[PDB]
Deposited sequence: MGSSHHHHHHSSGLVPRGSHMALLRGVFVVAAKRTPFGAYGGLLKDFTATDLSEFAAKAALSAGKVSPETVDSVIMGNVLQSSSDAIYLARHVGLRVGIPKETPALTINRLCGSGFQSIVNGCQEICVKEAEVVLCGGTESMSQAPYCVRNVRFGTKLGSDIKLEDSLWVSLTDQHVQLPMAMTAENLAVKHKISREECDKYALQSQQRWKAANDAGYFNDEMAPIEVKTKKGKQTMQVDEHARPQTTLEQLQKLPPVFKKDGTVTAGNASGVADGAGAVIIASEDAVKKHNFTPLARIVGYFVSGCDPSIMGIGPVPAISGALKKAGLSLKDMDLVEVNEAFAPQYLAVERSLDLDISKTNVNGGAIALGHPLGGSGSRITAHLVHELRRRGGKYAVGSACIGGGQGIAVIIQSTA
């Protein structure tokens, strides 16, 4: 058991609607999206920007001309003082959780009292890259306009597409194509029900788009049927389980979670929505990277002195239906408490943004349900997992 050195409280948690690839948010940079979530979080928590001592943003694939400045530009844009530092981190799909981890660490070593911890991705803006042309070409060479997004979805250390790591898990854990499609349908249904009941209202940071207000996830396909899913072809493997219907969507979006020490909550009269009770990051076999949430969630629980049975809500990012199902079977997760309002298959997976959304959703949904504990997690390309546990306040 290892408790955080200091109490750390979530005092605001907001996330943008998620846009489809080439959809309604395609002309916003990852920096813009992060800005929108951060502004909404500051406003929802009534957190003065002046109070923020550190800015940390998760972002995976640099996708704008100003990308290397992301965290700093977000901080300055939302009125946080110029003296406040700003860090951009990349733990791939875990990035939106990892910014919160880094924030907790800075608070716990007394280097910060209030941290803006976001995650963002614009996958629509991922550039094509022309490599190896600065210093001359050779007649007859095959120069590519390389799709930075598509090539980033293969782990070159094991030469596997992400989807093929998920197929590896389907084989290993005896998960059928049909089971994957049924899970995919359930994510669409659960997203639809949640959306229509208002369960995304508190977390949602609406964005004005070219003028209309976007406040609904664009990728979701609430008219999906099992029959439709059954007809889709496997995309990556003959007779494979992974289709365009049961993989997470490519998407654009961001979130922002503001965390504060107990001292800061008292000093500034913040309203805590949750407490961060623990977290854990683990490496795992890159060839089955999708299993990361298993050691991540187990380790986090162990450090917190809790068990799975104590979790009222579990979130496992829906990178691929078979990937999620392998995690579910390995931990014996209770499906009535896991991804209760849908996930990335329905609303997409903006790489750096998903951890922030999942955390924001857990914070508000845990409170709505009157529950005590929740844990959010994601697998990470390259072979890692991350998990963050919250407790209601």
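The deposited sequence has C-alpha coordinates everywhere except the stretches 1 to 19, 230 to 233, 417.
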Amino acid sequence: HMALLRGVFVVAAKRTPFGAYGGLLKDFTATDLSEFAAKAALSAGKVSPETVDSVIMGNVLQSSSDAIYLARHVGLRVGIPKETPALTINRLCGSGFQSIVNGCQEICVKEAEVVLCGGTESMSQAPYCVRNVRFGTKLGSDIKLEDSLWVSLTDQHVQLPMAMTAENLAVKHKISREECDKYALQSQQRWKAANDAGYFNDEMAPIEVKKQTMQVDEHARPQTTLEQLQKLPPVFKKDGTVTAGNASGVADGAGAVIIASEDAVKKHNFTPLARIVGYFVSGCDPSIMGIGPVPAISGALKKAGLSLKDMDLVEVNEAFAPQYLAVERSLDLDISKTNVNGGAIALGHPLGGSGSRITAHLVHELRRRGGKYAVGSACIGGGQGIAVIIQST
From here on, numbers count along this sequence of modelled residues.
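Two stretches are in play, 333 to 341 and 27 to 35, and the higher mean C-alpha B-factor belongs to 333 to 341. The PDB entry records a higher mean C-alpha B factor for 267 to 275 than for its counterpart among 80 to 88 and 267 to 275.
Remark: of 148, 317, 137, 125, 137 shows the highest value [criterion: C-alpha B-factor in the PDB entry].
Sorting 250, 129, 232, 104 by the CA temperature factor given in the entry leaves 232 at the top. In this PDB entry, the Cα temperature factor of residue 224 sits in the top third of its chain's modelled residues, the highest group.
In the PDB entry, residue 59 places in the lowest third of its chain by CA B-factor. Compared with the other modelled residues of the chain, the Cα B-factor recorded for residue 51 ranks in the middle third.
When all modelled residues of the chain are sorted by CA temperature factor, residue 390 is found within the middle third.
Ranked by C-alpha B-factor against the other modelled residues of its chain, residue 376 falls in the lowest third.
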